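Here the structure is laid out as C-alpha cells; the discussion comes afterwards.
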Amino acid sequence: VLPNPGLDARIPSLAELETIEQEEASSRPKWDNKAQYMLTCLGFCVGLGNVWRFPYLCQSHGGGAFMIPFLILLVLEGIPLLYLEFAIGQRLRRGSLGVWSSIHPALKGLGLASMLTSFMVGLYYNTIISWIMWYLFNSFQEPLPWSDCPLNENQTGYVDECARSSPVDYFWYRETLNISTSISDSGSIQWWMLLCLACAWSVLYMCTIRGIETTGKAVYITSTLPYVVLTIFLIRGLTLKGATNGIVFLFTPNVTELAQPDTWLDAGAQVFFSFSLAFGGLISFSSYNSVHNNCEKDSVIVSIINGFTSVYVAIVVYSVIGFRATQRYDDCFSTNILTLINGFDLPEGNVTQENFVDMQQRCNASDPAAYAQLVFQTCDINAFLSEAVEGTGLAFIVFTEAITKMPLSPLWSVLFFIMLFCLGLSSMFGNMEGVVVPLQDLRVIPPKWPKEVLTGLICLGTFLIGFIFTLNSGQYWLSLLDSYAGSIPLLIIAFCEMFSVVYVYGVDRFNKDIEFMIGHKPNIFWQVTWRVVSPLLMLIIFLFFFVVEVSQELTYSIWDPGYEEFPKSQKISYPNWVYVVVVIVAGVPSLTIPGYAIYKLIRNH
Amino acid sequence: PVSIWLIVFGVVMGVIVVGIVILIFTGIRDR
Ligand SMILES: *[C@@H]1O[C@H](CO)[C@@H](O[C@@H]2O[C@H](CO)[C@@H](O)[C@H](O)[C@H]2NC(C)=O)[C@H](O)[C@H]1NC(C)=O
Ligand SMILES: *[C@@H]1O[C@H](CO)[C@@H](O)[C@H](O)[C@H]1NC(C)=O
Ligand SMILES: *[C@@H]1O[C@H](CO)[C@@H](O)[C@H](O)[C@H]1NC(C)=O
Ligand SMILES: *[C@@H]1O[C@H](CO)[C@@H](O)[C@H](O)[C@H]1NC(C)=O
Ligand SMILES: *[C@@H]1O[C@H](CO)[C@@H](O)[C@H](O)[C@H]1NC(C)=O
Numbered sequence: 005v006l007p008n009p010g011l012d013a014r015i016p017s018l019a020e021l022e023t024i025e026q027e028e029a030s031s032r033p034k035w036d037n038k039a040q041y042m043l044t045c046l047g048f049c050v051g052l053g054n055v056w057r058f059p060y061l062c063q064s065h066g067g068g069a070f071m072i073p074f075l076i077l078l079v080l081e082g083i084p085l086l087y088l089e090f091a092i093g094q095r096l097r098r099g100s101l102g103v104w105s106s107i108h109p110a111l112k113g114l115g116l117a118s119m120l121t122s123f124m125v126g127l128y129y130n131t132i133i134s135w136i137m138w139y140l141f142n143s144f145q146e147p148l149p150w151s152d153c154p155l156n157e158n159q160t161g162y163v164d165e166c167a168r169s170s171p172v173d174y175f176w177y178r179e180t181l182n183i184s185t186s187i188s189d190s191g192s193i194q195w196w197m198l199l200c201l202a203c204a205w206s207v208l209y210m211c212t213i214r215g216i217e218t219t220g221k222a223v224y225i226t227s228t229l230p231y232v233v234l235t236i237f238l239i240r241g242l243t244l245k246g247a248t249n250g251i252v253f254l255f256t257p258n259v260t261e262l263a264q265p266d267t268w269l270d271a272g273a274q275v276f277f278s279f280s281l282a283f284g285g286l287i288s289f290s291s292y293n294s295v296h297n298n299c300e301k302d303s304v305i306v307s308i309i310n311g312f313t314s315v316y317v318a319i320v321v322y323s324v325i326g327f328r329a330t331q332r333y334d335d336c337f338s339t340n341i342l343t344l345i346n347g348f349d350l351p352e353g354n355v356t357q358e359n360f361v362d363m364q365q366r367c368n369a370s371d372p373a374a375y376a377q378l379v380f381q382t383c384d385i386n387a388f389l390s391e392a393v394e395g396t397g398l399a400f401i402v403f404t405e406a407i408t409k410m411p412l413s414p415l416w417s418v419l420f421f422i423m424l425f426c427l428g429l430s431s432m433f434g435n436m437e438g439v440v441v442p443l444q445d446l447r448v449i450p451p452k453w454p455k456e457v458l459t460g461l462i463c464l465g466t467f468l469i470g471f472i473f474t475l476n477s478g479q480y481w482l483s484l485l486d487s488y489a490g491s492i493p494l495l496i497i498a499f500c501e502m503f504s505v506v507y508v509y510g511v512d513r514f515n516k517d518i519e520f521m522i523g524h525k526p527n528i529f530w531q532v533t534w535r536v537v538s539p540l541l542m543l544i545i546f547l548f549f550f551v552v553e554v555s556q557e558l559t560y561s562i563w564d565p566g567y568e569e570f571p572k573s574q575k576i577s578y579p580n581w582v583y584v585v586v587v588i589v590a591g592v593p594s595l596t597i598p599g600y601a602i603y604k605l606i607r608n609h
Numbered sequence: 738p739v740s741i742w743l744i745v746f747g748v749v750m751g752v753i754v755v756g757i758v759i760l761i762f763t764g765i766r767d768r
C-alpha cells in the first residue's frame with residue numbers, strides 16, 4: 005500500500021520458486037526430517053522463563069484468572085505474529101536481515117535490531133547456564149554443600165552470616181557469587197565462576213559448530229529430556245506432604261487484579277518471550293523448509309504446546325513451593341510446642357497441634373508470671389506460601405532447599421540441574437542462530453574461512469565480554485540488563501514486522517503468495533488480526549510501558565551482611581551513571597530502526 | 738582431600754574438548 009517501486013527483480017518470483025529448491029540443495033542447508041524442525045522450534049520457545057518467571061506472574065497477578073488474560077492476549081498477538089513470521093521466511097528464502105532488506109532496502113534496521121537484541125539476550129543467558137552447571141558439579145556427594153553451615157576458625161560456632169541467614173542463602177551469596185554490597189564496589193574475576201563460564205561457552209561451540217547439521221541431533225536430545233524430567237518431577241512432587249496445598253493457592257481467582265494496567269503489560273510481554281518473536285531466529289529456521297510446507301498448521305501446533313507447557317511447569321513448581329511451606333510451618337509449630345514443654349514440665353507427646361490454644365490458657369490459669377517470658381511465633385500458611393522470589397531465587401535458594409529434605413537428596417539435584425541445563429542449551433541454539441546468520445549477509449569475513457571459523461570467533465568474542473558477570477558485583481549487572489533490554493527491543497521490533505509486511509510488502513501480494521504454497525487463502529480471523537487488531541493491541545502494550553516506567557521508583561536489591569536488621573531486604577536506588585547503561589542496552593536496538601531509515605533516505609536524495 | 742567439585746569438572750571438561758577435536762576433524766575432512 006505504501007508506494008515502494010522495484011519490488012520485483014529484487015525478491016524471487018512465484019513461477020521461479022518451483023525450480024529454486026532443486027538448486028539450493030547445494031550452498032544452503034536443509035532439514036533432515038519435519039520433526040527436526042518442530043523440536044528445534046519448541047526448544048527456542050520453551051526455556052528458563054516458564055520456570056521462574058511465569059508461575060510467579062500467574063499467581064502474583066491474581067492467578068487462576070491471569071490464565072484468562074494470558075490466554076486472550078495469546079490468540080491475538082502470539083498466534084498472528086508467529087504465523088506471519090513462519091510464512092515470511094519460507095517465501096523470501098533468506099535469513100532475518102535478508103528478508104527486510106529485500107522489501108524496501110532502505111528499511112534494513114529490523115535485521116540490525118534483531119542482531120543486537122539476540123547478542124544481548126544470549127550474552128547473559130550464557131551466564132545463567134554458567135551458574136546452573138556450577139550447581140551440577142557440586143552434586144554427586146551425599147551431604148550437599150548447601151545443607152549445613154561451615155565452622156569459622158576455632159570450631160566452636162558457625163560462621164556469623166550463615167547463622168543469621170539460611171545455609172542455602174549462604175551458599176549463593178558467599179560461596180558461589182562472593183557478592184559485594186553495591187554495584188559500585190567490584191573486585192577480581194573470581195576464578196571458579198570463570199572456569200564455569202569457559203565450560204558453558206565450550207559446550208555451546210560444540211553443538212552449533214557446523215550450522216544446522218549439528219544442532220539437529222542436539223535439538224533431539226536437548227528437547228525431549230527436559231520433558232521427561234519435568235514429568236518425573238510431577239509424580240514425586242504430588243506425593244510429598246504439601247502439594248495440593250500449593251496447587252490450590254496458585255489457582256485462587258482474585259478478579260480485582262484484572263483491572264490493572266500493570267497486569268496486561270507483563271501478561272503481554274511474556275507472550276513475546278514465551279515465544280521467540282522479534283528475535284530473528286524463527287525466520288532463519290523457517291527458510292530451510294520446502295516451498296509447499298504447511299506453515300499454517302505449524303504455527304498452531306507450536307503455540308498449543310507452548311500454551312500447555314506454561315501451565316504444566318507451574319503445576320510442578322508450585323507443588324514444590326507447597327511442600328516447602330508445609331515443612332517450614334511444621335518446623336515452626338514444633339518449636340512453639342517445645343517452648344512450653346521446656347517451661348511447664350509436661351510429658352513428651354503432650355500438647356500437639358490439635359491442642360495448642362487450649363493448652364496455652366491452661367498454663368496461664370495454672371500459674372501467672374511464668375507465661376510472660378515465653379516467646380511464641382505467629383507463623384501460619386499463606387505467609388509461607390507468599391514470598392515474592394523471582395528470576396534466580398526460584399532455583400537456587402527455594403527449589404534446592406526443598407530437594408535436601410527429600411529422601412534421595414543427591415539424585416533429585418542431578419536430575420533437576422541437567423533439565424535446566426537442557427532448557428538453557430536449546431534457547432542458546434536459538435540465539436546463536438540469531439547472531440551468526442545476519443553476520444554472513446553483512447559479509448564481514450571473505451567467502452573463504454568455513455562455518456567452523458565464524459562460529460568460533462563469536463563464541464570466543466562473547467566469552468571475553470562475559471567477564472563482567474564474574475566479578476564480585478556481577479549479579480547486580482545481570483539483574484540490571486535483563487528486563488529492560490528484552491522488553492523494549494522485543495516490543496518495538498515486533499511492531500514493525502507486522503507493519504512492513506501488511507503495508508509495505510502488501511497484504512494482497514502476501515495472500516496470493518501464501519495460497520501458492522498451501523492453497524486456501526487465509527480466513528477472516530487471519531485477515532482481521534493482521535490488519536487492525538494486532539497492530540492496535542501492540543500499541544497499548546507500548547503505551548503502558550511509559551506509564552509503569554515513570555512511577556515505579558527504580559531500585560535494586562543488595563545483600564550487605566554487615567548491616568543493621570540484616571536478613572529482610574534492601575533497596576538502595578541505582579547511581580546516576582547507570583542511565584548511560586540503560587540508554588545503551590534498550591535504546592540503540594530501538595533506534596537503529598529509524599536511524600538507518602533516515603540515513604538511507606538522505607544518501608540518495 | 739580432593740575438592741570434589743574439581744573432579745566432576747574434569748571429566749566434563751575432558752569430554753567437551755575431545756568432543757570438539759573430533760568435530761573440527763571430521764569437518765575439515767568431509768570439507
Ligand atoms: C486482589 O488484588 C487486589 C489488587 O491489588 C489486592 O489489593 C490491594 O490491597 C492493598 C493492601 O495492602 C491496598 O493497599 C491496595 O490499594 C489494594 N488495591 C486495590 C486496587 O484496591 C488484594 O490484596 C488481592 N486479594 C488478596 C486476597 O490478596
Ligand atoms: C575463636 O578463634 C580465635 C582465633 O581465630 C581465638 O582467638 C578465640 O579464642 C576463639 N574463641 C574461642 C571461644 O575459642
Ligand atoms: C571473595 O573471596 C575472597 C576469598 O576467596 C575474599 O578474600 C574476599 O574478601 C571476597 N570478597 C568480598 C567482597 O568479600
Ligand atoms: C497430655 O497430658 C494430659 C494430662 O494428664 C493427658 O490427659 C493427655 O492424655 C496427654 N496427651 C497425650 C497425647 O498423651
Ligand atoms: C495468659 O497469657 C495470654 C497471652 O497474653 C493472655 O491472653 C491471657 O489472658 C493470660 N491469662 C490470664 C488469666 O490473664
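Read top to bottom, the protein sequences are chains A and B.
According to the entry's author numbering, the stretch in the first sequence is residues 5 to 609, in order.
According to the entry's author numbering, the stretch in the second sequence is residues 738 to 768, in order.
Note that CB positions come from ideal geometry on N, CA and C, so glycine has one too.
Distance, residue j Cα to residue i Cα
i: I183(A); j: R57(A); result: 23 Å
i: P565(A); j: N158(A); result: 21 Å
i: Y375(A); j: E405(A); result: 35 Å
i: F276(A); j: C500(A); result: 14 Å
i: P493(A); j: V758(B); result: 38 Å
i: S143(A); j: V418(A); result: 6 Å
i: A13(A); j: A271(A); result: 42 Å
i: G53(A); j: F74(A); result: 14 Å
i: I345(A); j: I193(A); result: 52 Å
i: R178(A); j: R513(A); result: 60 Å
i: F123(A); j: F253(A); result: 38 Å
i: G67(A); j: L389(A); result: 14 Å
i: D486(A); j: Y128(A); result: 8 Å
i: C200(A); j: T466(A); result: 14 Å
i: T596(A); j: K38(A); result: 36 Å
i: residue 2(A); j: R535(A); result: With chain A covering 5 to 609 only, the question about residue 2(A) has no answer from this structure.
i: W195(A); j: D302(A); result: 45 Å
i: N310(A); j: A498(A); result: 19 Å
i: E568(A); j: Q574(A); result: 11 Å
i: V448(A); j: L458(A); result: 10 Å
i: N354(A); j: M363(A); result: 10 Å
i: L116(A); j: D445(A); result: 11 Å
i: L547(A); j: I528(A); result: 28 Å
i: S504(A); j: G241(A); result: 47 Å
When the options are compared against residue i, the one with the closest alpha-carbon
i: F337(A); options: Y322(A), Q357(A), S280(A) and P351(A); result: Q357(A)
i: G751(B); options: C203(A), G246(A), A387(A) and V584(A); result: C203(A)
i: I401(A); options: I216(A), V532(A) and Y139(A); result: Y139(A)
i: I15(A); options: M363(A), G102(A) and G250(A); result: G102(A)
i: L464(A); options: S278(A), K516(A) and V207(A); result: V207(A)
i: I133(A); options: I239(A), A329(A), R32(A) and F433(A); result: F433(A)
i: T260(A); options: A282(A), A273(A), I588(A) and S64(A); result: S64(A)
i: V232(A); options: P7(A), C426(A), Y509(A) and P33(A); result: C426(A)
i: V532(A); options: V551(A), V506(A) and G523(A); result: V506(A)
i: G220(A); options: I528(A), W35(A), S100(A) and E165(A); result: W35(A)
i: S17(A); options: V582(A), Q365(A), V295(A) and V172(A); result: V295(A)
i: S431(A); options: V5(A), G126(A) and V55(A); result: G126(A)
Beta bridge counterpart(s) of residue i as assigned by DSSP
i: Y480(A); result: Beta-bridge pairing links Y480(A) to no other residue.
i: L155(A); result: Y162(A)
**Asked** Residues in the segment 454-481 of chain A with C-beta within 7 Å of chain B's C-beta atoms, listed in sequence order?
**Response** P454 and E456
**Request:** Pull every residue with its beta-carbon under 7 Å away from any heavy atom of ligand 6, and keep them in chain order.
**Result:** This structure lacks ligand 6; the ligands present are ligand 1, ligand 2, ligand 3, ligand 4 and ligand 5.
**Message:** What are the residues in the segment 192-209 of chain A lying within 9 Å of chain B by C-beta distance?
**Reply:** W196, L199, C200, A202, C203, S206, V207 and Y209
**Request:** May I have a chain-ordered list of the beta strand (DSSP E) segments no shorter than 3 residues that lie completely inside the segment 397-469 of chain A?
**Result:** none
**Message:** If the cut-off is 9 Å on Cβ atoms, which residues from the segment 139-163 of chain A count as contacting chain B, listed in chain order?
**Reply:** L140, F141, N142, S143, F144, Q145 and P149
**Within 8 Å of chain A by C-beta, residues of the segment 754-767 of chain B in sequence order** = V754, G756, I757, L760, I761, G764 and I765
**Asked** When Cβ atoms are compared, which residues of the segment 83-102 of chain A fall closer than 7 Å to chain B?
**Response** none
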